[PDB]
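>>> an experimental structure, sequence included, is below.
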Amino acid sequence: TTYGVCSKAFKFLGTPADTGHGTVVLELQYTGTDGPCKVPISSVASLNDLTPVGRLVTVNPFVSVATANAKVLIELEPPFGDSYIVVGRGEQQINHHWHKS
């Protein structure tokens, strides 16, 4: 079964990979152990507005294990221009800027 959302922070591993299409692959490590849980990630315009503006290719992100420092790969399609890839929330939410040419 799958609980709710992952209550712990994730770390950015490597740099967001550009697929060539118009997406990016994220190499995420989870510091948590509460998983299975859902990854609170979304492609938003800016840090000030969490209103989703991009879309996931690997929809409904999952951290399927209950051991720490696991690892997840999640493909994402940001919006053209300047966007912020957000993972987590609160003093936990990590942040990464991206630019689509």
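Okay, I see it. Numbers count the residues shown, from 1 in each chain.
>>> which residue lies nearest the spatial centre of the chain?
Residue closest to the mean C-alpha point of the chain, counted by CA atoms, centre = their mean, is residue 41 at 3.8 Å.
>>> longest strand anywhere in the protein?
Counting by DSSP state E, the longest strand found in the chain is strand 10-18.
>>> and it, how far out from the chain's middle?
9 Å (CA atoms, centre = their mean, to the nearest Å).
>>> ok so, going back, excluding its backbone neighbours, what's nearest the residue nearest to the centre of the chain?
Spatially, and ignoring its direct neighbours in sequence, residue 41 is nearest to residue 87 (4.4 Å; CB to CB, 6 or more residues apart in numbering). C-betas here are computed from N, CA, C, even on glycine.
>>> for the one you found, grab the count of nearby residues.
Residues near residue 87, counting by other CB atoms under 10 Å, number 24.
>>> circling back to that earlier point, hang on, the residue nearest to the centre of the chain packs against residue 61?
Yes. Here residue 41 reaches residue 61: they are 5.8 Å apart, a contact under CB atoms under 8 Å.
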